[PDB]
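Architecture at a glance
Listed below, chain by chain, are the residues.
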Amino acid sequence: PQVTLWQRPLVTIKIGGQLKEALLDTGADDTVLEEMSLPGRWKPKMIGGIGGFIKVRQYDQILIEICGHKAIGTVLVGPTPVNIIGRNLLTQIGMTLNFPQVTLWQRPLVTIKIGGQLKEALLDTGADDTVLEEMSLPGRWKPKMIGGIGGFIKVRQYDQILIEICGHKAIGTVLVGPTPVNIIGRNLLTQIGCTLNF
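So, how was this worked out
- Residues numbered from 1 in each chain as written, not as in the entry; some residues may be left out.
- Heavy atoms only, no water.
- Helix = DSSP H or I, 4+ residues; strand = E, 2+ residues; numbered from the N terminus.
- Rg over C-alpha atoms; globule rule 2.2 N^0.38 Å.
- Buried < 20%, exposed > 50% of the residue type's maximum accessible area, 1.4 Å probe, protein only.
- Areas by Shrake-Rupley, 256 points an atom, 1.4 Å probe, with all protein chains shown as cover.
- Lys, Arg positive; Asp, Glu negative; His and termini not counted.
- Charge placed at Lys NZ, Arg CZ, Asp CG, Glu CD.
- Domains from an automatic or database assignment.
- Contact = heavy atoms within 4.5 Å.
- Salt bridge = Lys/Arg side-chain N within 4 Å of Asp/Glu carboxyl O.
- Polar contact = N/O pair within 3.5 Å; in protein donor to acceptor, adjacent residues only side chain to side chain.
- Nonpolar A, V, L, I, M, F, W, Y, C, P; charged D, E, K, R; others polar.
- Pairing = 2+ DSSP bridges.
- Core = buried A, V, L, I, M, F, W, Y, C linked by side-chain atoms within 4.5 Å.
- 1 Å grid on protein atoms, 1.4 Å probe; cavity = no way out; pocket = protein on both sides within 12 Å on 5 of 7 lines; lining within 4 Å.
- Points joined across faces, edges and corners; volume = space filled by probe spheres on them.

Let's talk about the overall build of the chain
Each helix and strand counted, the chain has two helices and 18 strands in total. The C-alpha radius of gyration of the chain comes to 17 Å, within 12% of the 16 Å expected for a compact globule of 198 residues. In terms of its C-alpha atoms, the chain occupies a principal-axis envelope of roughly 55 × 30 × 25 Å. Put simply, the chain has 198 residues, and 51% of those count as buried. Total accessible area on the chain is roughly 9,600 Å²; 54% of this is exposed by carbon and sulfur atoms. For the chain, the distance from the average position of its 20 positive side-chain charges to the average position of its 16 negative side-chain charges is 2 Å.

Put into structure tokens, the structure is as follows:
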């Protein structure tokens, strides 16, 4: 299956005898699921995201059937606003990004040129918007609140901003604010023709 990014890349998973929908998220190292009944021993853990950190219960060796393919790995269960399948499981079902082809054994980073500055950013299929750490961008901008794993953040919204992603030009809305990592979301990914394959 090859999926485009005009809509959130949602997939049906079966975990612990239960059926759920989850997001194929190349920007997440870990798999994080909403509170659910899982059998076995676990360990408390803390994970960071936009908005901050959340405490999760970690389970190892959990079998998950993602879109009909089986995979075994670590799954985090916690207060996520969405069920996220991270790179730990994505590599197992052979998922790749194509825009070049990129496997997910390492974070999918690219160099972008924006506002005359060079930065590295993460190709993030789980993000609807593009969010960059604080930087010098010209023009008028509007305050906006975006939520994420740790909660929400106020960002400045700039529209019609030119970005050159891995040598591809794209124009769109760019959010500037307190992100821990520069994220290139679906609003720009669909412009450089990014597809997900598994």
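Regarding the domain arrangement of the chain
Here the chain is described as being made up of domain 1 (1-99) and domain 2 (100-198). Taking only C-alpha atoms into account, the centre of domain 1 sits 22 Å from that of domain 2. Each side of the interface is counted separately: domain 1 has 37 residues, and domain 2 has 38 residues. In this structure, the connection of domain 1 to domain 2 is made through two salt bridges. Put simply, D128 and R8 hold a salt bridge, and the shortest N to O gap is 3.4 Å. Here domain 1 and domain 2 share 15 residue pairs in polar contact between them. Secondary structure elements with two or more residues in the side of domain 1 that touches domain 2: strand 1 (2-3), strand 3 (18-24), strand 6 (52-66), helix 1 (87-90) and strand 9 (96-98). Looking at the side of domain 1 that touches domain 2, its residues break down into 19 nonpolar, 14 polar and four charged.

Brief notes about the sheet that holds strand 18 (residues 195-197)
The antiparallel open sheet is built from four strands, whose spatial order is 1-18-9-10. Sheet topology places strand 1 and strand 10 (101-103) at the edges, where each strand pairs with a single neighbour. The pairing of strand 9 with strand 10 spans three bridges and is antiparallel. Bridging from a neighbouring strand, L97 pairs with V102 of strand 10.

Digging into the nonpolar core
Formed by 47 residues in total, the largest nonpolar core has its most connected members in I13, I66, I85, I112 and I114. Residue assignment places this core across two domains, with domain 1 (1-99) and domain 2 (100-198) each supplying three or more. Those residues in contact with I13 that lie beyond four places of it in its chain are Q18, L19, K20, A22, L33, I64, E65, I66 and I85. Among the nonpolar cores identified, the runner-up in size contains nine residues, and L122, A127, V131 and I153 belong to it.

With respect to the layout of surface pockets
Computed from the structure, the largest pocket encloses a volume of approximately 810 Å³. Forming the boundary of the largest pocket are 31 residues, of which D25, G49, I50, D124 and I149 lie nearest the centre. At the level of elements, strand 5 (43-49) and strand 14 (142-148) are the ones that each hand at least two residues to the lining of the largest pocket. Each residue belonging to the lining of the largest pocket can be placed in one class, and the counts come to 16 nonpolar, seven polar and eight charged.

Focus on unusual backbone geometry
Despite not being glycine, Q61 has its phi angle at roughly 55°, a positive value. Its location among the elements puts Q61 in strand 6. Residue classification places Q61 among the exposed residues on the basis of a relative accessible area of 60%. In the Ramachandran plot, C67 falls in the positive-phi region, its phi being about 55° despite a non-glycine side chain. Mapped onto the secondary structure, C67 falls in the loop between strand 6 and strand 7 (69-78). Overall, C67 belongs to the partly exposed group, its relative accessible area being 38%.

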